[PDB]
>>> print(open('upload-v9.txt').read())   # compact mmCIF, C-alpha atoms
# COMPACT_ATOMS: atom_id res chain seq x y z
CA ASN K 317 -46.82 48.84 42.21
CA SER K 318 -45.94 52.41 41.23
CA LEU K 319 -43.49 51.21 38.55
CA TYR K 320 -44.21 49.92 35.07
CA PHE K 321 -43.70 46.35 33.84
CA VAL K 322 -40.67 47.33 31.77
CA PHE K 323 -37.10 46.12 31.51
CA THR K 324 -33.95 47.86 32.72
CA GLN K 325 -31.06 48.71 30.41
CA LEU K 326 -28.06 46.40 30.70
CA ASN K 327 -25.61 48.64 28.82
CA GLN K 328 -25.50 51.23 31.63
CA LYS K 329 -22.62 49.28 33.24
CA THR K 330 -21.06 46.94 30.66
CA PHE K 331 -20.86 46.28 26.94
CA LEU K 332 -20.45 42.55 27.66
CA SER K 333 -24.13 41.78 27.07
CA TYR K 334 -23.53 42.75 23.42
CA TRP K 335 -21.34 39.65 23.01
CA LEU K 336 -24.35 37.33 23.04
CA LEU K 337 -25.90 38.77 19.86
CA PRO K 338 -23.20 37.81 17.28
CA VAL K 339 -22.41 34.49 18.97
CA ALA K 340 -26.08 33.48 18.95
CA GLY K 341 -26.55 34.78 15.41
CA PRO J 111 -48.73 -8.77 60.28
CA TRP J 112 -48.97 -9.65 56.56
CA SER J 113 -52.53 -8.73 55.56
CA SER J 114 -53.13 -7.21 59.03
CA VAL J 115 -50.60 -4.42 58.45
CA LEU J 116 -53.77 -2.92 56.99
CA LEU J 117 -55.33 -3.45 60.42
CA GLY J 118 -52.35 -1.58 61.86
CA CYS J 119 -53.10 1.33 59.52
CA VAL J 120 -56.74 1.00 60.64
CA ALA J 121 -55.55 1.39 64.24
CA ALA J 122 -53.62 4.48 63.09
CA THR J 123 -56.80 5.97 61.66
CA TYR J 124 -58.58 5.08 64.91
CA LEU J 125 -55.88 7.10 66.66
CA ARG J 126 -56.67 9.90 64.20
CA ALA J 127 -60.26 9.68 65.49
CA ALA J 128 -59.04 10.35 69.05
CA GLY J 129 -58.30 14.03 68.39
CA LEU J 143 -68.30 25.12 68.07
CA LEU J 144 -71.15 27.23 66.70
CA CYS J 145 -69.25 28.23 63.55
CA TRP J 146 -69.53 26.42 60.22
CA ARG J 147 -66.06 24.83 60.33
CA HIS J 148 -66.80 22.58 63.32
CA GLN J 149 -70.10 21.66 61.65
CA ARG J 150 -68.18 20.69 58.50
CA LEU J 151 -65.76 18.58 60.57
CA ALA J 152 -68.66 16.87 62.37
CA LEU J 153 -70.39 16.20 59.03
CA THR J 154 -67.18 14.64 57.68
CA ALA J 155 -66.90 12.46 60.81
CA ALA J 156 -70.53 11.37 60.35
CA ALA J 157 -69.74 10.51 56.72
CA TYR J 158 -66.78 8.44 57.96
CA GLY J 159 -69.04 6.56 60.36
CA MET J 160 -71.63 5.84 57.67
CA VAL J 161 -69.01 4.74 55.11
CA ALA J 162 -67.21 2.53 57.65
CA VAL J 163 -70.38 0.77 58.78
CA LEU J 164 -71.75 0.45 55.22
CA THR J 165 -68.71 -0.77 53.26
CA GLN J 166 -68.14 -3.77 55.57
CA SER J 227 -55.71 28.38 53.57
CA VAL J 228 -53.42 27.70 50.61
CA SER J 229 -51.08 30.55 51.65
CA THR J 230 -48.95 28.52 54.08
CA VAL J 231 -46.72 25.46 53.71
CA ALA J 232 -48.59 23.47 56.35
CA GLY J 233 -51.73 24.37 54.42
CA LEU J 234 -50.08 22.97 51.29
CA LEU J 235 -49.45 19.65 53.04
CA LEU J 236 -53.03 19.59 54.41
CA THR J 237 -54.62 20.36 51.03
CA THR J 238 -52.39 17.75 49.45
CA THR J 239 -53.47 15.22 52.09
CA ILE J 240 -57.18 15.99 51.46
CA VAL J 241 -56.79 15.67 47.66
CA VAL J 242 -54.74 12.45 47.80
CA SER J 243 -56.92 10.70 50.34
CA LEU J 244 -60.06 11.75 48.45
CA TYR J 245 -58.65 10.11 45.32
CA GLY J 246 -57.75 7.13 47.51
CA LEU J 247 -61.26 6.63 48.84
CA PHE J 248 -62.65 7.20 45.34
CA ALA J 249 -60.26 4.59 43.92
CA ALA J 250 -60.72 1.87 46.57
CA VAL J 251 -64.06 2.15 48.40
CA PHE J 252 -66.06 3.62 45.50
CA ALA J 253 -64.55 1.09 43.08
CA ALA J 279 -59.08 -10.81 55.44
CA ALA J 280 -60.10 -9.07 52.21
CA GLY J 281 -62.21 -6.42 53.96
CA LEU J 282 -59.13 -4.78 55.47
CA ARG J 283 -58.42 -3.41 51.98
CA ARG J 284 -61.69 -1.48 52.37
CA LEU J 285 -61.24 -0.59 56.06
CA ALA J 286 -57.78 0.94 55.55
CA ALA J 287 -59.22 3.05 52.72
CA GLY J 288 -62.26 4.02 54.78
CA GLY J 289 -59.80 5.42 57.31
CA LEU J 290 -58.52 7.76 54.59
CA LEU J 291 -61.72 9.77 54.98
CA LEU J 292 -60.90 10.12 58.69
CA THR J 293 -57.47 11.37 57.62
CA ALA J 294 -59.17 13.88 55.30
CA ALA J 295 -61.44 14.97 58.16
CA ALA J 296 -58.42 15.51 60.41
CA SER J 297 -56.67 17.56 57.73
CA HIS J 298 -59.77 19.66 57.06
CA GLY J 299 -59.89 20.25 60.81
CA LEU J 300 -56.25 21.36 60.76
CA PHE J 301 -56.95 23.49 57.66
CA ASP J 302 -58.13 26.26 60.01
CA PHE J 303 -55.37 25.71 62.61
CA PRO J 340 -60.45 29.26 65.36
CA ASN J 341 -58.45 28.81 68.57
CA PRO J 342 -55.24 26.76 68.13
CA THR J 343 -55.90 24.86 71.39
CA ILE J 344 -58.89 23.17 69.72
CA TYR J 345 -56.63 21.69 67.02
CA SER J 346 -53.47 21.14 69.11
CA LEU J 347 -54.56 17.69 70.35
CA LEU J 348 -55.76 16.84 66.83
CA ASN J 349 -52.29 17.77 65.57
CA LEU J 350 -50.62 15.60 68.22
CA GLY J 351 -52.78 12.59 67.35
CA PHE J 352 -52.23 13.29 63.65
CA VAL J 353 -48.43 13.31 63.94
CA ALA J 354 -48.33 10.29 66.30
CA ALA J 355 -50.46 8.13 64.01
CA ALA J 356 -48.51 9.45 61.01
CA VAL J 357 -45.40 8.08 62.72
CA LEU J 358 -47.24 4.81 63.35
CA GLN J 359 -48.29 4.53 59.68
CA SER J 360 -44.75 5.48 58.59
CA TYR J 361 -43.58 2.57 60.73
CA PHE J 362 -46.15 -0.02 59.62
CA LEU J 363 -46.22 0.66 55.87
CA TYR J 364 -42.46 1.24 55.68
CA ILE J 365 -41.62 -2.09 57.35
CA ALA J 366 -44.45 -3.86 55.49
CA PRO J 367 -42.36 -4.87 52.39
CA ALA J 368 -39.48 -6.17 54.54
CA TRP J 369 -41.84 -8.12 56.84
CA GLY J 370 -43.35 -10.27 54.09
CA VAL J 371 -46.34 -8.49 52.55
CA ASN J 372 -46.14 -6.83 49.14
CA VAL J 373 -47.22 -3.28 48.34
CA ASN J 374 -46.62 -2.91 44.57
CA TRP J 375 -49.57 -5.16 43.63
CA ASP J 376 -52.55 -2.77 43.87
CA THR J 377 -51.40 0.71 42.86
CA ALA J 378 -54.71 2.59 43.19
CA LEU J 379 -55.35 1.05 46.60
CA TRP J 380 -51.81 0.88 48.06
CA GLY J 381 -50.61 4.33 46.96
CA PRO J 382 -52.62 6.93 48.90
CA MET J 383 -51.89 5.46 52.35
CA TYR J 384 -48.15 5.72 51.67
CA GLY J 385 -48.73 9.22 50.32
CA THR J 386 -50.72 10.46 53.31
CA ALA J 387 -48.14 8.92 55.66
CA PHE J 388 -45.43 10.88 53.80
CA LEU J 389 -47.38 14.15 53.95
CA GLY J 390 -48.17 13.42 57.60
CA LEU J 391 -44.47 13.03 58.43
CA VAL J 392 -43.44 16.19 56.58
CA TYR J 393 -46.32 17.87 58.42
CA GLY J 394 -44.71 16.83 61.69
CA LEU J 395 -41.58 18.47 60.32
CA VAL J 396 -43.10 21.66 58.81
CA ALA J 397 -45.42 22.18 61.82
CA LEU J 398 -43.09 21.28 64.74
CA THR J 399 -40.58 23.82 63.45
CA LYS J 400 -42.52 26.96 62.38
CA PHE J 401 -41.02 26.81 58.85
CA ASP J 402 -43.53 28.86 56.74
CA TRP J 403 -42.98 30.33 53.25
CA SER J 404 -40.51 32.81 54.78
CA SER J 405 -37.91 30.11 55.49
CA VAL J 406 -38.45 28.62 52.02
CA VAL J 407 -37.87 32.03 50.41
CA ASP J 408 -34.85 32.61 52.68
CA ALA J 409 -33.32 29.25 51.71
CA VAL J 410 -33.98 29.85 48.00
CA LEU J 411 -32.42 33.32 48.27
CA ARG J 412 -29.40 31.93 50.13
CA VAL J 413 -28.82 29.21 47.52
CA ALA J 414 -29.25 31.71 44.67
CA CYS J 415 -26.96 34.20 46.44
CA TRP J 416 -24.19 31.63 46.93
CA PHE J 417 -24.49 30.55 43.29
CA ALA J 418 -24.44 34.25 42.38
CA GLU J 419 -21.15 34.85 44.20
CA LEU J 420 -19.73 31.70 42.59
CA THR J 421 -20.83 32.99 39.17
CA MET J 422 -19.28 36.42 39.81
CA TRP J 423 -16.01 34.83 40.93
CA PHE J 424 -15.99 32.52 37.89
CA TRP J 425 -16.60 35.47 35.55
CA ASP J 426 -13.98 37.73 37.16
CA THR J 427 -11.40 34.92 37.26
CA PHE J 428 -11.90 33.22 33.88
CA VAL J 429 -14.22 35.06 31.49
CA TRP J 430 -13.61 38.80 31.80
CA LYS J 431 -12.24 40.91 34.65
CA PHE J 432 -14.90 43.23 36.01
CA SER J 433 -12.40 46.10 35.92
CA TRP J 434 -12.28 45.48 32.16
CA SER J 435 -16.01 44.91 31.68
CA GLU J 436 -17.32 47.82 33.77
CA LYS J 437 -16.89 51.52 33.00
CA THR J 438 -13.97 53.12 34.81
CA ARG J 439 -15.16 56.51 36.07
CA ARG J 440 -13.12 59.63 36.94
CA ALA J 441 -11.84 60.32 33.43
CA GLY L 157 -38.15 74.03 9.47
CA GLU L 158 -41.74 74.97 10.33
CA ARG L 159 -42.92 71.42 9.58
CA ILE L 160 -40.05 69.90 11.58
CA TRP L 161 -40.90 72.20 14.51
CA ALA L 162 -44.59 71.23 14.30
CA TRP L 163 -43.86 67.50 14.09
CA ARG L 164 -41.32 67.70 16.93
CA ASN L 165 -43.91 69.37 19.15
CA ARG L 166 -46.56 66.84 18.09
CA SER L 167 -44.62 63.67 18.75
CA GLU L 168 -42.48 64.20 21.91
CA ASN L 169 -43.06 60.57 23.11
CA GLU L 170 -42.28 58.43 20.12
CA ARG L 171 -38.90 60.15 19.86
CA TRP L 172 -38.06 59.19 23.46
CA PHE L 173 -39.36 55.67 22.84
CA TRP L 174 -37.20 55.29 19.72
CA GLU L 175 -34.10 57.01 21.15
CA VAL L 176 -34.06 55.59 24.71
CA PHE L 177 -36.59 52.83 25.28
CA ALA L 178 -37.01 50.73 22.12
CA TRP L 179 -33.61 49.05 22.01
CA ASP L 180 -32.10 49.41 25.48
CA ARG L 181 -35.20 48.62 27.55
CA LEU L 182 -37.44 46.66 25.16
CA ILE L 183 -35.55 44.73 22.47
CA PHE L 184 -32.01 44.23 23.80
CA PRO L 185 -32.99 42.52 27.13
CA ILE L 186 -35.29 40.17 25.20
CA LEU L 187 -32.55 39.45 22.67
CA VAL L 188 -29.87 38.74 25.27
CA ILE L 189 -32.15 36.54 27.40
CA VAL L 190 -33.31 34.53 24.36
CA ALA L 191 -29.71 34.34 23.09
CA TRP L 192 -28.38 33.15 26.47
CA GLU L 193 -31.09 30.50 26.82
CA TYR L 194 -30.42 29.38 23.24
CA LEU L 195 -26.66 29.18 23.86
CA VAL L 196 -26.07 27.76 27.36
CA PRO L 197 -26.76 24.07 28.14
CA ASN L 198 -29.91 22.80 29.81
CA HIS L 199 -28.46 23.23 33.30
CA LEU L 200 -30.05 24.82 36.36
CA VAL L 201 -27.03 27.05 37.05
CA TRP L 202 -26.58 28.13 33.43
CA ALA L 203 -30.30 28.59 32.73
CA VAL L 204 -31.46 30.25 35.97
CA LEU L 205 -28.82 31.11 38.56
CA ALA L 206 -25.99 32.44 36.38
CA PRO L 207 -28.32 34.65 34.24
CA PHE U 1755 -15.44 56.52 22.26
CA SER U 1756 -16.45 55.97 25.90
CA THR U 1757 -14.30 52.84 26.14
CA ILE U 1758 -11.19 54.29 24.47
CA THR U 1759 -11.45 57.62 26.35
CA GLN U 1760 -11.19 55.95 29.75
CA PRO U 1761 -8.38 56.11 32.34
CA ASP U 1762 -5.43 53.84 31.65
CA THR U 1763 -3.36 51.84 34.16
CA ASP U 1764 -1.41 54.87 35.37
CA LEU U 1765 -4.53 56.96 35.99
CA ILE U 1766 -6.43 54.09 37.62
CA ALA U 1767 -3.50 53.21 39.90
CA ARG U 1768 -3.07 56.88 40.80
CA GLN U 1769 -6.79 56.91 41.69
CA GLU U 1770 -6.67 54.16 44.34
CA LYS U 1771 -3.30 54.98 45.90
CA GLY U 1772 -4.17 58.68 45.78
CA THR U 1773 -7.47 57.90 47.48
CA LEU U 1774 -5.67 55.72 50.05
CA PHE U 1775 -3.14 58.45 50.88
CA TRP U 1776 -4.98 61.79 50.61
CA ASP U 1777 -8.49 60.41 51.25
CA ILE U 1778 -8.33 57.39 53.58
CA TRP U 1779 -5.25 58.00 55.74
CA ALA U 1780 -5.89 61.76 55.70
CA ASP U 1781 -8.50 61.03 58.40
CA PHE U 1782 -5.58 61.52 60.82
CA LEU U 1783 -6.56 65.19 60.83
CA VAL U 1784 -9.17 64.31 63.48
CA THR U 1785 -6.49 62.49 65.50
CA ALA U 1786 -3.90 65.25 65.25
CA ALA U 1787 -6.65 67.84 65.86
CA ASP U 1788 -7.78 66.25 69.12
CA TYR U 1789 -4.17 65.89 70.30
CA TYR U 1790 -2.57 69.07 68.81
CA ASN U 1791 -2.41 70.80 65.45
CA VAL U 1792 -1.41 74.22 64.26
CA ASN U 1793 -1.84 73.46 60.53
CA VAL U 1794 -0.90 76.22 58.02
CA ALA U 1795 2.73 76.42 59.15
CA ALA U 1796 2.69 72.64 59.67
CA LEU U 1797 4.13 72.78 56.14
CA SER U 1798 7.89 73.31 55.51
CA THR U 1799 10.13 72.36 58.52
CA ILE U 1800 8.21 73.55 61.60
CA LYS U 1801 9.59 70.42 63.46
CA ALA U 1802 6.20 69.87 65.13
CA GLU U 1803 5.42 67.38 62.36
CA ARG G 405 -10.35 29.06 25.30
CA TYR G 406 -10.76 32.57 23.89
CA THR G 407 -11.00 34.42 27.22
CA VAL G 408 -8.48 32.66 29.50
CA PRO G 409 -5.29 33.84 27.62
CA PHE G 410 -6.08 37.47 28.47
CA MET G 411 -6.43 36.48 32.14
CA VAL G 412 -3.14 34.56 31.91
CA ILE G 413 -1.32 37.58 30.43
CA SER G 414 -2.86 39.93 33.02
CA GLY G 415 -1.98 37.65 35.94
CA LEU G 416 1.54 37.03 34.62
CA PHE G 417 2.21 40.77 34.48
CA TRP G 418 0.34 41.39 37.75
CA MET G 419 2.86 39.13 39.49
CA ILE G 420 5.64 41.47 38.33
CA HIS G 421 4.07 44.93 38.75
CA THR G 422 1.78 44.43 41.77
CA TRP G 423 2.79 41.34 43.74
CA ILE G 424 6.54 42.03 43.69
CA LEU G 425 6.96 45.70 42.77
CA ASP G 426 4.23 47.56 44.67
CA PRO G 427 2.07 45.81 47.28
CA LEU G 428 -0.78 47.39 49.22
CA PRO G 429 -2.10 45.74 52.40
CA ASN G 430 -4.85 47.06 54.66
CA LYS G 431 -5.06 47.62 58.44
CA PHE G 432 -2.46 49.11 60.81
CA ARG G 433 0.53 50.24 58.72
CA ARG G 434 1.86 53.26 60.63
CA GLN G 435 5.44 52.18 61.43
CA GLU G 436 6.10 51.16 57.82
CA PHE G 437 5.29 54.50 56.14
CA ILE G 438 7.61 57.48 55.75
CA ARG G 439 4.94 58.81 53.36
CA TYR G 440 3.06 60.47 56.20
CA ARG G 441 5.73 63.16 56.60
CA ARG G 442 4.91 64.38 53.08
CA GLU G 443 1.20 63.65 53.63
CA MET G 444 1.06 65.98 56.64
CA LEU G 445 3.44 68.32 54.79
CA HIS G 446 0.62 68.87 52.27
CA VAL G 447 -2.49 69.22 54.45
CA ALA G 448 -3.09 72.95 54.03
CA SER G 449 -3.29 72.35 50.26
CA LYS G 450 -5.96 69.67 50.78
CA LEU G 451 -9.67 70.16 51.40
CA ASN G 452 -10.73 72.38 54.30
CA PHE G 453 -10.94 70.28 57.47
CA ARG G 454 -14.43 69.03 58.15
>>> encode(input="upload-v9.txt", output="structure tokens")
Amino acid sequence: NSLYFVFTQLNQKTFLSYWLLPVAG
Amino acid sequence: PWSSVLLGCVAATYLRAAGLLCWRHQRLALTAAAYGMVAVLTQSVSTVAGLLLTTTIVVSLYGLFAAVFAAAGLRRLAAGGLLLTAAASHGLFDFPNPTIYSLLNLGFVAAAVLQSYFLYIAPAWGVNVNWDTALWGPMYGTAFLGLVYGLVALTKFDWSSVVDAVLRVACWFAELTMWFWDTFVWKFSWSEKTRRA
Amino acid sequence: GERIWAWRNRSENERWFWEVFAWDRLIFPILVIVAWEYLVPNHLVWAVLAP
Amino acid sequence: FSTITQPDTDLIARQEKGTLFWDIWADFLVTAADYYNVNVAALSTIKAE
Amino acid sequence: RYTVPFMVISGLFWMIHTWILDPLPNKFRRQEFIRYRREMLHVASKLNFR
């Protein structure tokens, strides 16, 4: 409603989401 | 009853027939008049119960349009009764005081049980069902939807219980995923950011 | 310095988009979701519930 | 930098036991206050401890 | 295969520095703690009662 259709950052809590990039590359 | 299992389904539709100034009752009466004419001549979406009713209407419309529009006459009588089933479901589509449609609902569920007896024991009693797909299908389908209507109506159900069950399943799988991650992949005390530095 | 000051007052939105939004809230979630769905098997748990 | 400049095992363990002692079981001030406290001189060897 | 060995090392050392050396249960643990003498011995140096 009053918010935008935008994502939320996933690095605010962990760095572990950065592991998917080199493995998928 | 072999080829008169279709007459049993016809009796079920006759039980469906057992169950004012607005347009909806006029539409139901027009559909009943269309059933009478077809029988003598051939011889909203925001609720789960509404989903079953709409489905019933659609299926049975395709059924009539595949059999009647396209003891041999029982194959046309049992498909003429599908328009009575569609009339009953369009009546229940506005289920408008509920006491008007309560008896229609009771007749609907009782004859759905009767069809779900007759057609279900039909293959084991001698007659075959797989032969004519476009004829034999929609009666089985409307009996199925009728039974799950007597399950989704009898107990209030609604989209709220569906969303609650989906959320419970996803929540349990979420706790399983968190336990699997913390036990095997990476400890959350290692992954997260330790504060108070 | 005058031109940098002028351009810094002009932009004021693109700098926040490029310093805060563009990776962390636009590109990185897309990349990790696409990467996860490319990696994990075609399973309901691994494709929906675990992500 | 943020990962390497984080509390180690000693600092993390002194953060939960320290919380448990001086932060969780220090709620006995309300107990000892409703029964009897003097505080202040409740240090040392007042023998009312 | 790459992540389990770290969990194995951490659990193997956790058995020797947390399970055996220093436990920490919840609930009623008054009669087991001589710590509370020192804990009430430093109360005036802790945050003003509230």
>>> interface_residues(input="upload-v9.txt", of="chain K", to="chain U", cutoff="12 Å", atoms="only C-alpha atoms", output="VMD selection string")
chain K and resid 328 to 331
>>> interface_residues(input="upload-v9.txt", of="chain U", to="chain G", cutoff="10 Å", atoms="all atoms listed in the file", output="PyMOL selection string")
chain U and resi 1771+1774-1777+1779-1784+1786-1787+1793-1800+1803
>>> closest_residue(input="upload-v9.txt", among="J:429, J:411, J:296, J:164", to="chain G", atoms="all atoms listed in the file")
J:429
>>> interface_residues(input="upload-v9.txt", of="chain U", to="chain J", cutoff="8 Å", atoms="all atoms listed in the file", output="list in words")
residues 1757, 1759, 1760 and 1761 of chain U
>>> interface_residues(input="upload-v9.txt", of="chain G", to="chain J", cutoff="9 Å", atoms="only C-alpha atoms", output="NGL selection string")
:G and (406-408 or 410-411)
>>> interface_residues(input="upload-v9.txt", of="chain K", to="chain L", cutoff="8 Å", atoms="all atoms listed in the file", output="PyMOL selection string")
chain K and resi 322-327+333-334+336-337+340
>>> atom_distance(input="upload-v9.txt", atom1="atom CA of residue J:370", atom2="atom CA of residue J:356")
21.5 Å
>>> atom_distance(input="upload-v9.txt", atom1="atom CA of residue G:425", atom2="atom CA of residue U:1767")
13.2 Å
>>> atom_distance(input="upload-v9.txt", atom1="atom CA of residue J:235", atom2="atom CA of residue J:394")
10.3 Å
